[PDB]
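Each remark here refers to the structure printed beneath this line.
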Amino acid sequence: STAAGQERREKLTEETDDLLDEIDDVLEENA
Amino acid sequence: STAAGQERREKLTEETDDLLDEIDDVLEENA
Amino acid sequence: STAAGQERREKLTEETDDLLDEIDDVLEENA
Amino acid sequence: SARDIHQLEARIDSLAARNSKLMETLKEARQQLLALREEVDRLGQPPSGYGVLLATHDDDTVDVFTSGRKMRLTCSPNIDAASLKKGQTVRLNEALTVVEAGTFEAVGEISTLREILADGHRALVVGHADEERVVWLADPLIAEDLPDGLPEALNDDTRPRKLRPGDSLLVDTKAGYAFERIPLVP
Amino acid sequence: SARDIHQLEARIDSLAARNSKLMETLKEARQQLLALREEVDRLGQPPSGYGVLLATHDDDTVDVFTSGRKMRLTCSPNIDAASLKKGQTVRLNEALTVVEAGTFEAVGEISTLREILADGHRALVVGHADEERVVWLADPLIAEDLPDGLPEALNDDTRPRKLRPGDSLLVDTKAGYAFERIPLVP
Amino acid sequence: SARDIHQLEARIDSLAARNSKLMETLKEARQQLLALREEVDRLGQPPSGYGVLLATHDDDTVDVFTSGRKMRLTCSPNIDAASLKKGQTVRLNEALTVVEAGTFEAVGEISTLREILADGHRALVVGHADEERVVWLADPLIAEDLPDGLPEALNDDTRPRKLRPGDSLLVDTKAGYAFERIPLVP
Amino acid sequence: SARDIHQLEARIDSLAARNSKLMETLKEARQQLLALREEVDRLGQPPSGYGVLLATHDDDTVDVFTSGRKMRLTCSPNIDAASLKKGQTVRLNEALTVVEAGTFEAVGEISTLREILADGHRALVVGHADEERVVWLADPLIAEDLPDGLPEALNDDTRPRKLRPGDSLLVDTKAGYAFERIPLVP
Amino acid sequence: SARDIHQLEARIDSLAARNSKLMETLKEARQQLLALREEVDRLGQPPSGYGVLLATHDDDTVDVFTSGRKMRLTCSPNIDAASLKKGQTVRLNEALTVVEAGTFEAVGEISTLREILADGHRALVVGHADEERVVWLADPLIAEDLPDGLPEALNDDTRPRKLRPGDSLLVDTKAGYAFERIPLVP
Amino acid sequence: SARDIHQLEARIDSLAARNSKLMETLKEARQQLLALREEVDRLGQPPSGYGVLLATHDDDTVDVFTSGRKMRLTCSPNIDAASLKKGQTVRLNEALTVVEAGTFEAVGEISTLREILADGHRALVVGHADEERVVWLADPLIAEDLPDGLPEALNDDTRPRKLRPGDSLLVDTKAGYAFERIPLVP
């Protein structure tokens, strides 16, 4: 484990929960 | 020894010498 | 090898290539 | 002017059903992009350590062997204050804090048993090179509820008992514990 | 009514609006599954480690024996969780995480065996200096589908057989496992 | 004089001034002793390791053995500088600092002994492969108050006795120490 | 007014030749301050690792031994897909990637060879203390082009062959590979 | 109007002596919050190291063994450039520089001394299992002023002397040095 | 012409301009050679390690054996590349870089030899309990300028002789090297 591998996994599930919050914002205004 | 244990001992004797300099500032104006 | 020994070798060949570029700038205007 | 409505009714009714197809086929990439995600969030939380517990001290402190040595560490709430038996395999997180009960690593060196010691918690074993070592025994050798199995002049000792000197029991020299019993068959 | 035409030219632009940005959220998520998978793939990429596995778990976890110690490890989606045969060289990226599966380390200490156990999963092995140890045997010695031998005075069989009390087995003393059969001729 | 009343109403507010902020510097310093002590306590808190000690230093420092090497090492206020017997499992927190004092590693290699020495603190022990080493003995073998023994053909007493040239001692070949007596059977 | 020019012509012609001297003698401290510099830029790039090769895999992946263990890692572009021989010395960088083909570290434990194995890749050897071990063989023992050397009633084996059972070959027990042949003279 | 003064004189004289009490009882928490403080500033400065000295080089450089290996390092002002004897126990700081002179760790392996060497510095010893080794000797075995003690036809050898072939000396195989003498009594 | 005087008062201030800043670029570069050299010197400064070398490379690189593994390693300008004899104690700073050269490990495992080899660079050594290994010989045993024996039945010489099949050699089993001869008394 590295200080570079730990900072690439916090940035992948962080552009993630940003897509999940735009994701459930596209499924509720399309109804 | 850690980078977190070393930074907790420089902050304990630093709120210390700040109390020791107010300390000998209370014992000399009370005389 | 340390984080202090690595930063002393990038600063020695960096005041170096700065002297080498002033160096070949003194040998071509002296001709 | 009838054509006019038709043309719409027919775009609607044919964008509608493209809508619904894209819906579902876009959900089906969420159940896949979700269960695929959380399997990478588990591959992020650190792995676990195993080791052998020497004894209980009387707080929530315990003596364990782990990576080559003997160290004392804390017990998370969730595990049994003192109802973890003497010298079982246990488990440790990253920062060496205890989390689970286990069994009896039944694999290692095999020794013969010379005598139990004075205080019935320790024993003298000879190993493979004629050499004399001192090991503690882990619970399932001393708990009261264990028979004498009558004599040996009627034979078949395949089942549990009290540790009679002349036995083979299994030990982890480095650690310091014994682990269980073994038939010698001629 | 000239109101019906205007009511539809609306629902039409209504659907065309949601439709233009659905056909795109797919194109985004469809990328991220192609990025996540791309990352799981990028684990198995070297530099990479090795070491045997003592047991299987239910929650996609395992008992391996890398670098001299027992360790419970998080394994990869690339992975067939219960087609993991007991005691099989497995592989690890840096922060230990299991990627491929391999075979059976086929080199090291040669011990001879004295008998199997009640457990039938474990055996008494005598190494060289008459040291008797206890290993488990990886499946391929108690997969049921093994022939029952016939004697060895109508010459050299040494063809995949059932485990006989006299053979020579190849072991990793330091982990706890046997690995395979082997001929000796005198 | 109406000047005496005004001269005092001053010295009164003079004292009431110093008094209001004395009753407070205490309350601050009184906290910091409750914080410092709180920190020394927080050392002994696990995760925590062990290892034996070789000798006593005067300036509140000690000669320990932990992970293979000899190490002089700072010990805690919590701690009783003089009551540290020679060769006694002592405990350590991460950055090596002594916290508790313990008993006596009571498990390991058994050697038999040949004679004490001129030093009476050091003895010649023969282990298993006729390998004669030199350990120190922890005090509980040369405290004064040890009975002389009487012979052993009126049976197995093995009470706390004076070191006899044929006994078995338990040792840590690595540290340099003995630790206790032990009965052998005839 | 002639003196006047002379005085100049003579300063010029005498600052000119101080110019040229300083030129060259200032260059000559660049060829020295340059070749001295780059020899410190090489003392900056990290140092080189040596491993031992185990098997080839099909990708650009290979099994090698290094600090203690057994690990698979990648190959640089500049080296040869499959033309690096089963078990030779090889070389590594910082982050453990391969670069160079070596030979056959012929220095380590000596054993006798009992019988070859089933599948002409592995062998049973006895060590020094009678211990039976299993090593694989590096190429220069199974390369097809090897003489059977006739009998041994006419003697002088200083030259290569196929490894008759009863040979001295040279092995790195830890690794698992037999590196080459050796005589037993008169 | 007399009451008036009294009332003040009596508040003064009774805040005055509350003053003084708070004074002293607030000092007494400084002698405690000070001597308690500096004992935690010592628990901050890193620990010491022990290693054995080989030879002296001519600068202020010296050859010492320490954490497993052999290393050369500098000598702080406060110690004697050369007048520290052949291989005594010595002491180390953090970044491995020497501070103190020591004794002669007299604990470890015991060999017999076959012959001294050619250059009166080194010797051949048999160890425990017949193995021949070569150790150098630390001063108190060659330093000029040592008796030959006559012979042994009249006996009592408890006292120092010159190294006879056939003696027992105490050795740290790993390191390379022999630390002193020992009797075999009849 | 009053134009010739003005044409020169120009070339004079022209040269005086380049001349004033040449006499200075020297003074700068002259400093940096006094800084670079100052840095190379500052390598050999402790703390510093040791360990044998296995072979020479052409481009100011080397095959050392420090801390257990084999390592090609960048070496210093301070150093004479090809003046390095094979099997010499050499010296290293933190990030391994060779600075000094030394002698020959003169201590450790002692062992008898059986014969030289084809290579006459390599020999068969029998260690203690019959463990026949293969080590390289450091130059000092096959330098040209060594006399050929004359028998040893008209008494002990141990004056630098050429290598004979019965003598004793001091070896570092680990690296793979011999180091020197030794007298054995009969």
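Note on naming: chains are A, B, ... as they come in the structure tokens, residues start from 1 per chain, ligands start from 1 in the order shown.
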
If chain H is superposed onto chain I by least squares using every Cα atom in order, what is the RMSD, in Å to one decimal? 9.3 Å

As a compact mmCIF listing (two decimals) with N, CA and C atoms, in the first residue's frame, could you give me every residue of chain B near chain H (at most 10 Å apart, counting only C-alpha atoms)?
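Saved to out16.txt:
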```
# COMPACT_ATOMS: atom_id res chain seq x y z
N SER B 1 7.62 5.32 17.76
CA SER B 1 7.49 6.80 17.62
C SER B 1 6.82 7.14 16.30
N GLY B 5 2.80 11.57 17.48
CA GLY B 5 3.30 11.59 18.87
C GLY B 5 4.36 12.66 19.11
N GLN B 6 5.15 12.97 18.08
CA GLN B 6 6.17 14.03 18.10
C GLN B 6 5.59 15.47 18.07
N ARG B 9 3.93 16.48 21.68
CA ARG B 9 4.93 16.82 22.73
C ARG B 9 5.59 18.19 22.56
N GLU B 10 5.60 18.72 21.33
CA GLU B 10 6.03 20.12 21.04
C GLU B 10 4.93 21.17 21.32
N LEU B 12 2.70 20.55 23.96
CA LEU B 12 2.45 20.45 25.40
C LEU B 12 3.42 21.27 26.22
N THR B 13 4.67 21.31 25.77
CA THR B 13 5.70 22.16 26.37
C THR B 13 5.78 23.53 25.68
N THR B 16 3.02 25.30 27.69
CA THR B 16 3.76 25.20 28.94
C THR B 16 4.60 26.45 29.23
N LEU B 20 4.41 29.32 31.82
CA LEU B 20 5.56 29.67 32.67
C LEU B 20 5.99 31.13 32.56
N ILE B 23 3.17 32.82 34.22
CA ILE B 23 3.38 32.34 35.61
C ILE B 23 4.33 33.22 36.45
N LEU B 27 3.62 36.20 39.59
CA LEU B 27 4.36 36.18 40.84
C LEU B 27 5.23 37.43 41.10
N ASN B 30 2.38 40.61 41.78
CA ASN B 30 1.68 40.35 43.04
C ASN B 30 2.56 40.68 44.28
```

For chain F, report every residue with an atom at most 9 Å from chain D (counting only C-alpha atoms), formatted as an MDAnalysis selection string. chainID F and resid 45:51 67 91:92 106:111 127:129 170 182:185

Taking only chain C into account, list the residues labelled helix (DSSP H, G or I) by DSSP (computed from the backbone), as a PyMOL selection string. chain C and resi 6-9+19-23

Atoms to include: N, CA, C and O atoms. Write the selected residues as a short mmCIF file (atom, residue, chain, number, x, y, z; two decimals), in the first residue's frame.
```cif
data_model
loop_
_atom_site.label_atom_id
_atom_site.label_comp_id
_atom_site.auth_asym_id
_atom_site.auth_seq_id
_atom_site.Cartn_x
_atom_site.Cartn_y
_atom_site.Cartn_z
N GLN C 6 17.80 13.63 -1.33
CA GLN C 6 17.19 13.70 -2.67
C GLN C 6 16.89 15.14 -3.14
O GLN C 6 16.94 15.44 -4.35
N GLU C 7 16.58 16.02 -2.18
CA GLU C 7 16.30 17.43 -2.42
C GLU C 7 17.57 18.33 -2.44
O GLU C 7 17.50 19.52 -2.78
N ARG C 8 18.72 17.75 -2.07
CA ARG C 8 20.03 18.44 -2.16
C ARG C 8 20.77 18.14 -3.48
O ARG C 8 21.67 18.89 -3.86
N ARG C 9 20.36 17.06 -4.16
CA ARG C 9 20.91 16.67 -5.48
C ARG C 9 20.15 17.23 -6.71
O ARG C 9 20.73 17.32 -7.80
N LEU C 19 24.12 27.60 -14.48
CA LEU C 19 25.46 28.05 -14.77
C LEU C 19 25.93 27.57 -16.16
O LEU C 19 26.71 28.26 -16.79
N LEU C 20 25.44 26.41 -16.62
CA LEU C 20 25.79 25.88 -17.96
C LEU C 20 25.13 26.65 -19.10
O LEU C 20 25.62 26.64 -20.23
N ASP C 21 24.01 27.30 -18.80
CA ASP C 21 23.27 28.11 -19.77
C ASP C 21 23.72 29.57 -19.79
O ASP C 21 23.49 30.28 -20.77
N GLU C 22 24.32 30.02 -18.68
CA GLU C 22 25.06 31.29 -18.62
C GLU C 22 26.50 31.07 -19.12
O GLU C 22 27.13 31.99 -19.64
N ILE C 23 27.00 29.84 -18.94
CA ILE C 23 28.34 29.39 -19.39
C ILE C 23 28.54 29.41 -20.91
O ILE C 23 29.53 29.96 -21.41
#
```

Contacts of region 6-14 of chain F at 12 Å or less, counting only C-alpha atoms, minus same-chain residues fewer than 2 places along, as a list in words?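 Non-adjacent residues within range: residues 29, 30 and 31 of chain B; 1, 2, 3, 4, 16, 17, 18, 19, 20 and 21 of chain F; 4, 5, 6, 7, 8, 9, 10, 11, 12, 13, 14, 15, 16 and 19 of chain H.
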
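Reported to one decimal place, the separation of CA of residue 33 (chain D) from CA of residue 36 (chain E) is 8.6 Å.
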
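The gap separating CA of residue 144 (chain E) from CA of residue 159 (chain D) is 25.8 Å, in Å to one decimal.
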
Region 18-73 of chain F: which residues are strand (DSSP E or B) by DSSP, as a list in words? residues 48, 49, 53, 54, 55, 56, 61, 62, 63, 64, 65, 66, 69, 70, 71, 72 and 73 of chain F
